[PDB]
Structures are given as C-alpha cells and as structure tokens.
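Student:
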Amino acid sequence: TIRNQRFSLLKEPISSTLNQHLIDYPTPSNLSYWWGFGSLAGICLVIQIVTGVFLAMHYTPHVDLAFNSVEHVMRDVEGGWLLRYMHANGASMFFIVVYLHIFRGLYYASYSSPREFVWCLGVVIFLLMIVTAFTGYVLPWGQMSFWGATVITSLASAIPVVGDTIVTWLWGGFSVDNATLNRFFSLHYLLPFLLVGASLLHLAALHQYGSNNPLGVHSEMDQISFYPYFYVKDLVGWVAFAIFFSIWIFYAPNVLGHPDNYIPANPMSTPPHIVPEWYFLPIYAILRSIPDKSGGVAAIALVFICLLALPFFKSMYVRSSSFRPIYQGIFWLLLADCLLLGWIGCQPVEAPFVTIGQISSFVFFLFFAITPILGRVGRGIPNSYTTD
Amino acid sequence: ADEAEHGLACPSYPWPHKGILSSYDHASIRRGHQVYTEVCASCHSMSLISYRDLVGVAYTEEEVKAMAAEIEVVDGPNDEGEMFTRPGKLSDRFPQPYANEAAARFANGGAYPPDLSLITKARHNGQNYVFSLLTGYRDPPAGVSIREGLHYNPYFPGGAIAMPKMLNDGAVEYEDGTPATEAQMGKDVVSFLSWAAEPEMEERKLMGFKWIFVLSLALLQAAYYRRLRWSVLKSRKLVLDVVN
Amino acid sequence: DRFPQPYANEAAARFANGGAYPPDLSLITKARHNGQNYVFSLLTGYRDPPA
Amino acid sequence: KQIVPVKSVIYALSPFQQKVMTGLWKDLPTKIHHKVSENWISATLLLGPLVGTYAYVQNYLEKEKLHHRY
Amino acid sequence: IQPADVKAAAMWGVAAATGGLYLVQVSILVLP
Amino acid sequence: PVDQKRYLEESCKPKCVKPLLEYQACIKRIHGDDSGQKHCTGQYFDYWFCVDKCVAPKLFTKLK
Amino acid sequence: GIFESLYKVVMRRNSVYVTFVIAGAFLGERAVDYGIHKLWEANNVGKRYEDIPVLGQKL
Amino acid sequence: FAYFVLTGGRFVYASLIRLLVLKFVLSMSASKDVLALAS
Ligand SMILES: CCCCCCCCCCCCCCCCCC(=O)OC[C@H](COP(=O)(O)OCCN)OC(=O)CCCCCCCCCCCCCCCCC
Ligand code: HEC
Ligand code: HEM
Ligand code: HEM
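Top line first, the protein sequences correspond to chains O, P, D, S, W, T, V and Q.
Plus 1 on top of the position in the first sequence (first one is 1) and you've got the authors' numbering.
Plus 62 on top of the position in the second sequence (first one is 1) and you've got the authors' numbering.
Plus 153 on top of the position in the third sequence (first one is 1) and you've got the authors' numbering.
Plus 2 on top of the position in the fourth sequence (first one is 1) and you've got the authors' numbering.
Plus 14 on top of the position in the fifth sequence (first one is 1) and you've got the authors' numbering.
Plus 5 on top of the position in the sixth sequence (first one is 1) and you've got the authors' numbering.
Plus 10 on top of the position in the seventh sequence (first one is 1) and you've got the authors' numbering.
Plus 109 on top of the position in the eighth sequence (first one is 1) and you've got the authors' numbering.
1) What residues from chain V crowd round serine 138 of chain Q, counting only those whose CB sits closer than 9 Å?
2) So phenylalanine 110 of chain Q contacts chain V; which residues on that side make the cut at Cβ distance below 7 Å?
3) Compute the minimum distance between the beta carbon of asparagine 213 of chain O and the heavy atoms of ligand 3, and state whether it is under 7 Å.
4) Rounded to a whole number of angstroms, what is the C-alpha to C-alpha distance between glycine 232 of chain P and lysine 18 of chain T?
5) For chain P, find out if any of its Cβ atoms is closer than 8 Å to the Cβ of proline 29 of chain O; answer yes or no.
6) For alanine 123 of chain Q, verify whether its CB is less than 7 Å away from any heavy atom of ligand 3.
7) In three-state DSSP terms, what is residue 313 of chain P?
8) Are the CB atoms of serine 136 of chain Q and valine 78 of chain O within a distance shorter than 8 Å?
9) Taking the continuous alpha helix (DSSP H) assigned at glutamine 189 of chain D, which residues delimit it?
10) Any idea if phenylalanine 146 of chain P is buried or exposed, counting beta-carbon neighbours within 10 angstroms, 16 or more meaning buried?
11) Measure from the C-beta of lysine 58 of chain T to each C-beta in chain P and report whether the shortest distance is under 8 Å.
12) Could you pull out every residue in the same chain whose Cβ sits closer than 8 Å to the Cβ of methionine 75 of chain O, ignoring the five residues on either side in sequence?
13) When the Cβ atoms of the segment 19-28 of chain W are set against those of the segment 11-25 of chain V, are three or more pairs found closer than 8 Å?
14) Thinking C-alpha only, which one of P/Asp250, P/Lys299, P/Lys272, P/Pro159 is nearest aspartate 43 of chain V?
15) DSSP has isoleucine 12 of chain S in a bridge; who is on the other side?
16) If we ignore side chains and look at the alpha-carbon of each, how far apart do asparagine 255 of chain O and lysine 183 of chain P end up?
17) Could you tell me if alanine 31 of chain W is buried or exposed, where buried requires 16 or more neighbouring beta carbons within 10 angstroms of its beta carbon?
18) Relative to the alpha-carbon of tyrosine 75 of chain P, which residue among P/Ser194, P/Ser293, P/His95 has its alpha-carbon at the smallest distance?
19) Take the Cβ of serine 93 of chain O as the centre, count every other Cβ of all protein chains shown within 10 Å, and call the residue buried at 16 or more, exposed below.
20) Since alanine 66 of chain P and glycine 220 of chain P are thought to touch, with beta carbons under 8 Å apart, how far apart are those beta carbons, to the nearest angstrom?
21) Please name the residue or residues paired with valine 136 of chain P in a DSSP beta bridge.
22) Kindly provide the chain-ordered list of residues whose Cβ lies closer than 7 Å to any non-hydrogen atom of ligand 2.
23) Who are the neighbours of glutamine 359 of chain O on chain S, taking C-beta pairs under 7 Å?
24) Taking beta-carbon pairs under 9 Å, can you tell me which members of the segment 127-140 of chain P lie near chain D?
25) Could you tell me whether any Cβ in chain Q is nearer than 8 Å to the Cβ of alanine 41 of chain V?
26) I'd like to confirm something about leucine 335 of chain O: is its beta-carbon nearer than 7 Å to some heavy atom of ligand 6, or not?
27) Give me the residue from O/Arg184, O/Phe363, O/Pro312, O/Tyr232 with the minimum Cα distance to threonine 61 of chain O.
28) Any heavy atom of ligand 4 closer than 7 Å to the CB of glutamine 224 of chain O?
29) Using 7 Å as the cut-off, classify the Cβ of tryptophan 120 of chain O as near or not near the heavy atoms of ligand 3, replying yes or no.
30) One question on the structure: do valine 234 of chain P and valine 97 of chain P come within less than 8 Å of each other, judged by their Cβ atoms?
31) Determine the contact status of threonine 136 of chain O and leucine 196 of chain O, defining contact as a CB-CB distance below 8 Å.
32) Does the segment 138-146 of chain O come close enough to the segment 233-245 of chain O to have 3 or more Cβ pairs within less than 8 Å?
33) Where does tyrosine 86 of chain O sit, in a helix, a strand or coil, going by DSSP?
34) Quick one: what's got a C-beta closer than 8 Å to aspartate 177 of chain P's C-beta in the same chain, skipping five residues either side?
35) DSSP three-state label for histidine 213 of chain P, please.
36) How would you list, in chain order, the residues of chain S whose beta-carbon sits under 7 Å from the beta-carbon of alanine 63 of chain P?
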C-alpha cells in the first residue's frame, strides 16, 4: 500500500493518532464493565473541571466574602444551585468511581507486570485527587472547612527537623486565614490541569502495554477494535452513572456532606465532631488509630509506599483472581476491612473504636504483606498437582 | 454525661414538603414568616434573604413593598458625605436586630443567637431538630438542677439552652384566623425556615423527576444499542482445531 | 496602622473642597505621566495667567 | 504488539437477524442459582466482618450505657 | 450532480436552522 | 388554644408506661439517695423517646 | 408495518433524520414537562401560592 | 425497530445536551440581585 491518493479521513495525518488510539486500538474481547469505570472516572474529571470553571466565575477567595459568595451562587445566580451541587456531588462520585477503578485493579492484579508504570502513575493520580479535593473543600469557608484545614495542615508538624517551618510557610502567617484562603484557591484552580496531564500519561502507558482482561491471560489472540464495541459499553455505563448522579443532585444533595459546613467559620469555638469528607475517612482512620502523630504521618507514608510497592513483587505468575481462591478470599477480606476502616474514621476516639481501628489498619498492612507469600507458593504449585 | 451531651434524639415528623413530588405549603410559609417577624426577629437574624425573595412565594409584590416601606435602613453617603436613613425597598435584606456579634452576645448573656438563614441545613436532621427544639421545653429530670440563667431542653446538646420558651399559646394572631397553638406555630416557623434554607426545592424536585425518567428511557435505549452491536460477536461459532 | 484619612468619604472631601476631590497621593508620582517633574512643577509653578 | 493468528473458522450472523433482548430473560432461575452457588463464600467474607463488628459495637455500647446509667 | 448537491446542501441548511431554533427558541424573532 | 402536642402526649402516656415505670423507679432511688450526682437522664431519654415516637404522625394530622 | 412505513418516510437521507431527531426531542421534552406538571399540581392541591386565602388582604 | 429505538434514545440525548449547554450559558448570564438593582 502506497498512499498515493487519500482513501479515508481517519487515516489522514490530522486524524491518524486519534484514529489509532481511539477507534482502532485493539482491546480484549471479554472485558466487563470496570474498564467502563475507568472511562467514567475520566468523564467525572471533565465534569468537575467545567463546573469548577463556571463556579469560579462567581466565587470570591476573600475570607470576608467566600461564604456569602457561595450563598450568592445558590440563591441569585440563574441555575447556580445546579452548578454547586454538581461540583460537590461530582467530587464525591469522582472518588466513588476511582475507588471502584482501584479495587478492580486489585482484584484482577492489573498492577502486575508489565503495567507497573500504569499502577505507579495511578498512585500519583490518586495523590493529586486527594490534594485537589482537600484544598477545594477548604474554599467554601465553613466550620468544617476551616477546622479540617487547620488540623490536616497542622499535622505536617510531625516532620522531625523542619516540621514547624513547613507548617508556618504553608499557613502563611501563623493561622489558616485569608492568606491561606487565597493560596488554596489558586492551588485548587491549578491542580486539575496537572491531573489531566497525569491521566494522559496513565492512558499512554496502558496503551503501550495493551489491557488486562478478566482472565489475566495473554489476550492477543481474540482482540477487537475499541470502536464501536467498547464505546457502546462505555455509553451504557455513562448513562447509568448519569442516573445515579442525578439521583444524588436533585433529591439527596446534602446527604454526602456534613451540616457543620453551613455555619460561617468561627475560629473561636470548635465544633464537637471534626472529620474530613467521607472519601478521606479511611486514611483519617488509619492516621488517628496509630497514635504519636509522627507515627501517624509515617503510617500514611507507609500506606503509599505499600501501594507503590505492589507491582514489584517476585513470582506472582497467575494473575486473575478467578484462578486464585486464596487471593480471592484475601481480596474480599481486604475490601471489608477498608469499608470498616472508613466507618471507624467518623466515630469518636472513645472506646472500642480505638481497638477496632488499630486492628483494621494492621489488617490492611497484613494484606499488603502476604501477597508475595501466596505468589511464591503458587509458583511452587505446578510441580505438585500434576495428574499422571 | 454522653447522652445529655448529644441530646435526646429527634423523631421523624411527616413534613408536608417531604416526598419526590411534594411542595412547600405556601400558606404555612406565609404563616411562619408572620410568626418569625412577630417573635423570632427580636433576637435572631437572617441576613441572607431579601424582601424580594417573598414575592410569589408567600406575599404579593405590593404587600412586600409595603412591608419593606415599614422599616428604615441606612443608605450611603449623600452629596455632603453624611449618612441618612430611608425606608427599605424591595431589594434590602431582612433587618438585623443587633449591631454585631459582640452586641448580640452582650444582650443575650454571652450566648449568640445564631443566624437563621441556613439553620435547618446547619443541624443534623435539621427540620425535625428545629421543631423538637422549639416544642420540647420540658421539666428537667430528677436531680439534674441546672444553673440559673438557662433553661432545660432535652434536645439541645447538654440539656441547658440559653433562649427562653418563646412559642406560647396565643402568642400571635394569625391573619387567616388559624388557631395559634404551640405546635401549629412551631410547624409554621419550621416550614418557613426550611423554605429559607432551600428556596429552590420545588424546581429541583421537578428537574430531578423529569431527568431521572428521561435518563431511564435513555438507559433502555443504550442497553439495546449495546446488545445489538455486540450480537454479531456473542452469537458466533468458531472452530479451533483443539480438544483438551 | 496606616496614615489617617482627612475625610470620611469621597463625597465628604468634595463637599469640603467645593466639588473637587484631592486625589490619593500614594501613587501620584506613578499615576501622572512624568510624575516627579509634573508634581514638582505643579507645586512650584503657581504663576499669573496670560492676557 | 503483534497479533498471533490461530487458524480458526468463524461463522457469524448479522445483528438484524437475531433477538436482541431475550437472552437476559431466557434463564433467570439458572443464572440466579449460578451466581449464588459461585459467590456465597465471597459474600460471607465480605459481609461477615461488617455484620459481626456492627453487632459487637452495638452490644458493647448497650453494656457501657447501661453500666454508666446511675 | 449539481442539482443533487444543492438539494442536499439546502436540506442540511434546514437541519442546521432547526437545530439553531431548538437551541435558542425565539418566538420574538418567529412572530414577525 | 389548647396545645395539641401536650394533649396528644398526655393521651399516649399510657401506651408505653414501662419506660415511665422505670423512670419512677429511678425517681424513688434518687429520692432515697438525696446526696449523689443522682441524675439518671437515661430513663428520661427512653421515656420521652417513646412518647415522641408515638406522637409523630398524629401531631401533623391534627395540625392545620 | 408502521416501522417500515416511517422508515421509508424519514430514514433515507440523514439530514431529514437529524431534523426529525431535533423535532422529536423538542416535542417529547414538552410533552414530558406537561405531564409532570399535571402530576405535580394534582399531588400538591391546596399548597400552591396562587390559592392562599390572604393573598391580597394585608393592604 | 432497531433504528426507532436508537432514535428515541438519540433525541433523549439531544434533550440532555441542550439542557446542559443552556444551564452553563444562563449561569454565566445575569443575576437576580443585579436585575433587582436595575431600578
Ligand atoms: C484470631 C486470630 C487469628 C485470625 C485468623 C485465623 C485463621 C487463619 C485462616 C484459616 C483458614 C485458612 C484456609 C486456607 C485453605 C483454603 C482451602 C481452599 O482453597 O479451598 C478451596 C475453596 C474453593 O472455593 P470454591 O471454588 O467455591 O469451592 C467449590 C469446590 N468445588 O477455596 C475457598 O473457599 C477460598 C477461601 C479463601 C480464604 C482466604 C482467607 C483465609 C486464608 C488466609 C488468612 C489470612 C489472614 C490475614 C489476612 C486477611 C486479609 C487482609
Ligand atoms: C431572644 C431572647 C430570642 C428569641 C426571641 C428567639 N431566640 Fe432562638 N436563640 C436565642 C439564643 C440567645 C440562642 C443561643 C443558645 C445557644 O446556642 O446556647 C438561641 C438559639 C436558637 C437556636 C439554636 C439551637 C442549636 O443550635 O442547637 C435555634 C434553632 C433557635 N434559637 C431558633 C429560634 C426560633 C425559631 C425562634 C422564634 C420562635 C427563636 N429562636 C426565638 C435567643 C432567642
Ligand atoms: C483520574 C483518575 C483516573 C483515570 C481517568 C483513569 C483512567 C484510566 C483509563 C482510561 C484506563 C484505561 C481503560 C480501563 O482500563 O479502565 C485506566 C486503566 C487503569 N488504571 Fe486508571 N485512571 C484513574 C485512576 C487510577 C488509579 C488511582 C489507579 C490505581 C492506582 C489506576 C490504575 C489503573 C490500572 C491498573 C489500569 C489498567 C486497566 C487494566 O488492567 O485493564 N487508575 N485508567
Ligand atoms: C480547574 C477545575 C476546578 C475549579 C476551577 C474548581 C473551582 C472550585 C471552586 C470555585 C469551588 C468553591 C465553590 C463552592 O463552594 O461550591 C470548588 C469547590 C470544590 N471543589 Fe473544585 N474546582 C475544580 C476542580 C475540582 C476537582 C477536580 C475536584 C476534585 C474532585 C474538586 C473538588 C472540590 C470540592 C470537594 C469542593 C468543595 C465542595 C463544596 O463547595 O462543598 N474541584 N471548586
């Protein structure tokens, strides 16, 4: 084939890269809907960006005007309550979808070779989402907003030699005042574009090494083009997600939040129950469970170290959980542990929740510490079960 | 102890504006605004609601104009730099009873009567909590004698609240002759407060119903589309030259 | 604290000065073109009008 | 990223000669049976710790409150 | 071929105008 | 202007007299004590929780 | 069949198909809005703003 | 039958897209307090 005269626009250089990577990318023929969850997370990110821009057309980053500006958006702006509820509940759905993404990856062991770079870029993406959502939640400037900012920024003092200096520098002036508000608005506006860049790199690395499948096996025998076969599957996922998200926006918009964020920030009194948003609760529970706050920060760093250390395991030959009963049970126990851990974080430090959290976090790390053992034993399996 | 600290739990009352197709009782909103103006505006403030917010919701435009013309507000400098007071217009927010938080606390014994604009969204189980708080001024239990200068209220965290029992039988004279009792006054004021915290509830509910229905139909279409496009693949027969 | 203000508001300043507002002098040398020379000449050049 | 051929023979029918929304309803009892009999263990390991911990927590809270009730 | 081409262009123009009216319903312009 | 809530709670007082009896038992114990912290707000909370649960729908179906 | 008839009507040129899709979107949205409005008004009788007894007696 | 099912879904999608676009643009449009101060 010499391309003398042009046949198809899709194969022209203007649409050639897009053609390959969107229409013609070969995909395993047996993918279920969790790959749809990955695409759905992308859509949630785009929704957040658009609604955030149109919200920032009305938000004043000053300490004396932020709360009343948000109430302006809700009451005066034409269809502004829709924008604000979409932004908040869209942050929530973004985190829900990313959690389902991560747990599918864990179940099917997609972190294994050769997708170590994909998993690591995913971990970086998760860090960026955490930071962006936190600094954004500081913006409305309520009781929960101000006090959560105070606590989570002041736990950065646990660094041995330069903790206090970093805390003061990040605060900008001995407290979490107007300077911190402007700082957080600028950072919240900036970070989503770095998040878009990270997502693009994530997808590029995956596209380099293909895509896993529910069997975990080599899958270059039966492969089909992405369009239209997986576009329609993703479309079904998107419409179902739209119905879910519309249930949340219109009928129960304040269920996923706390009522203390509707009181203007008053640094004098302290609300009796200071907790982050529901999607930071597992991390908050781990950190609160391990005492000696320096130990808590070290434990969070250890959580991310374990997450980054999953891909680089030794044998781990069989990949999918469909052929790993022990690992299947371990994964389900880990998921139950994560849900319980998230529930613990909303409870006070009074007993027995301290014991329950100190057990749950230990079980979390135990999952992360017993996967190589299963891999080694499984590597030992084939020379024992032979039927002859 | 902990029980009194977290307060007696509030029941689940059947509010008229509860349900996927349920609107505010606008007569009750009007009645609640009356009771708030009569008894609650002496200490509490709203400061987030304009008089124009009442137009088409509980009052007619001329009525709101007259009500605004009743009160007087300070307007900016004139051609001499001095300040002056003019009757309120249809855009001014509800008047504030106290100069600032310090004056409010000084007038109310150090306790600050909270702003009531978002009161039902600033408490857990907002509307039920507010109704129960207003109605449940009960005799304190045995051997729990609270200090002078407060009142016992089981729902309030700690049991001791700073405002006195305000809603009394016959406190106000309703315009439409509705018999004023404590429960009725509480219901009306909580309906008004819940409207104030969320004036978009009806439009939001209508949009939600319409779009959930429409998107459900879209979901059926998308499922059919996916099945149709995948049916040349799922109903296929392949011969592979292998057995075991 | 900052430097005090001689007048409560711009309207008060205008009423005191017969409708003229004495501009803020913080950035007067950058607000006016050729600010330094302009201000010096204006302060010192109070001459007699021509015929 | 090469493609490995397998030397098969595939017959396929056009999408407009097939029933499109009937396979979802053909074998509901058998499919429900298969789901339950294949995932009951995983359901126990998921919902087991949660329900057990919940029961333990409510039990202990009841004991503690009744004990501190003067 | 030209009659068919201009007919198709006019049909697409009618579709575009219908989409424009749908996006921006203007009885103010429709009435006169 | 008889209070509907008070009348309804008085009417439903004999519905769940068991928490009320427990509360009275604590009242007698506290009267015997007369020296301790002697609060037992738990019985109060249980009894009034039952009454409030009773008077949930009747109040609004009686209100105008 | 009715499907074949309407196909022969509005499924031979794509321009007519897109115009039909837009017109159907407008008409269907209006119909659903009218139905939901009737349902809402039926369900919330008496509670409307237009029918409160003292709407114009404060003057 | 397939094309008519697809057409029903398609004008559902058209309705959704118009709704979203108009919501964004009208949000960027004027405001109630400004309209009140129009005098
Ligand atoms: C109090 C302090 C101590 C607490 C812990 C003490 C107990 C430790 C564990 C004891 C039990 C270990 C059992 C290991 C052998 C499992 C045997 C096995 O694989 O059986 C096959 C079965 C297959 O299932 P299926 O296919 O449904 O069967 C139908 C067959 N035709 O397979 C299955 O049914 C799958 C079962 C998977 C179970 C996985 C979890 C238990 C084993 C590892 C425990 C690790 C604990 C720490 C980590 C927890 C997770 C973070
Ligand atoms: C002056 C006296 C009044 C009047 C006429 C009313 N309130 Fe009340 N209120 C007042 C104070 C000083 C306080 C603070 C008490 C404290 O928080 O320690 C309050 C408190 C409230 C609350 C908050 C309760 C809580 O946060 O748990 C509410 C919801 C409230 N007040 C409502 C309310 C209503 C509806 C009134 C009209 C009937 C009303 N107050 C009158 C002081 C005063
Ligand atoms: C901004 C949020 C994210 C987006 C937009 C995103 C996007 C995607 C996309 C588009 C794919 C390819 C399609 C698919 O397989 O589902 C993918 C795959 C993948 N992602 Fe993500 N992702 C995100 C977050 C994460 C996170 C936090 C992780 C884990 C740390 C992760 C791990 C993976 C893995 C392992 C795959 C491989 C899929 C497979 O094995 O089949 N992603 N992601
Ligand atoms: C560049 C894109 C974005 C912009 C411009 C933006 C801007 C804003 C603004 C102005 C607010 C305050 C308005 C309000 O109070 O509702 C806000 C709130 C918030 N944003 Fe964003 N945002 C963006 C993207 C994101 C992303 C990607 C997330 C992560 C999910 C996020 C999470 C949040 C959260 C949690 C809040 C607080 C919700 C609340 O108001 O209660 N934002 N954002």
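Every residue gets a Cβ at the ideal spot worked out from N, C-alpha and C, and that includes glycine.
Tutor: In terms of the structure at hand:
1) Contact note: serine 138 of chain Q does not reach chain V at a C-beta cutoff of 9 Å; the least C-beta distance is about 21 Å.
2) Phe13, listed in chain order.
3) Yes.
4) Each residue's alpha carbon lies about 25 Å from the other.
5) At a cut-off of 8 Å, the C-beta of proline 29 of chain O has no neighbouring C-beta in chain P.
6) No.
7) Residue 313 of chain P lies beyond the stretch modelled for chain P, which goes from 63 to 306, so this question has no answer here.
8) Yes, the Cβ-Cβ distance between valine 78 of chain O and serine 136 of chain Q is below 8 Å.
9) Per DSSP, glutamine 189 of chain D belongs to the alpha helix (DSSP H) from 188-197.
10) Its Cβ having fewer than 16 others within 10 Å, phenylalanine 146 of chain P is exposed.
11) With 8 Å as the cut-off, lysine 58 of chain T counts as an interface residue toward chain P.
12) In the same chain as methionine 75 of chain O, and ignoring 5 residues on each side of it, the C-beta atoms closer than 8 Å to its own belong to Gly81, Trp82, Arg85, in chain order.
13) They touch, by the three-pair rule.
14) Measuring from the Cα of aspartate 43 of chain V, the nearest candidate turns out to be P/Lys272.
15) BP columns for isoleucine 12 of chain S point to P/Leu300.
16) If you draw a straight line from the Cα of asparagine 255 of chain O to the Cα of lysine 183 of chain P, it comes to about 8 Å.
17) It counts as exposed.
18) Distances from the alpha-carbon of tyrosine 75 of chain P to those of P/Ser194, P/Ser293, P/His95 put P/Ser194 closest.
19) Only buried fits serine 93 of chain O, as 16 or more other CB atoms lie within 10 angstroms of its CB.
20) Right, their Cβ atoms sit about 6 Å apart.
21) Looking at the DSSP assignment, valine 136 of chain P forms a beta bridge with P/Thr147.
22) Spelled out in chain order, the answer is P/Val97, P/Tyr98, P/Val101, P/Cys102, P/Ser104, P/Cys105, P/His106, P/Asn170, P/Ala173, P/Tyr174, P/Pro175, P/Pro176, P/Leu178, P/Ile181, P/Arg185, P/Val192, P/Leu195, P/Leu196, P/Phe218, P/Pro219, P/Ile223, P/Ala224, P/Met225, P/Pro226, P/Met228, P/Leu229, P/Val251, P/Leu255.
23) The contacting residues do not exist; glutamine 359 of chain O stays about 13 Å from chain S at best.
24) Taking 9 Å as the Cβ-Cβ cut-off against chain D, the residues of the segment 127-140 of chain P that qualify are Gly138, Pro139, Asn140.
25) Judged by the 8 Å Cβ criterion, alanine 41 of chain V is not in contact with chain Q.
26) The model depicted lacks ligand 6 and carries ligand 1, ligand 2, ligand 3 and ligand 4 instead.
27) It is O/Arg184.
28) Because no heavy atom of ligand 4 lies under 7 Å away, the Cβ of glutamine 224 of chain O does not count as near it: no.
29) Within the cutoff, so yes.
30) Going by C-beta atoms, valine 234 of chain P is nearer than 8 Å to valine 97 of chain P.
31) Judged by beta-carbon spacing, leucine 196 of chain O lies beyond the 8 Å limit of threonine 136 of chain O, meaning their Cβ atoms are not closer than that value.
32) Because the criterion of three Cβ pairs below 8 Å is not met, the segment 138-146 of chain O and the segment 233-245 of chain O do not touch.
33) Per DSSP, reduced to three states, the secondary structure at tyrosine 86 of chain O is helical.
34) The beta carbon of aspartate 177 of chain P is closer than 8 Å to those of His106, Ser107, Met108, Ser109, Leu110 in its chain, skipping five residues each way along the sequence.
35) If DSSP states are grouped into helix, strand and coil, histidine 213 of chain P belongs with the strands.
36) Chain S residues near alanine 63 of chain P: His70.
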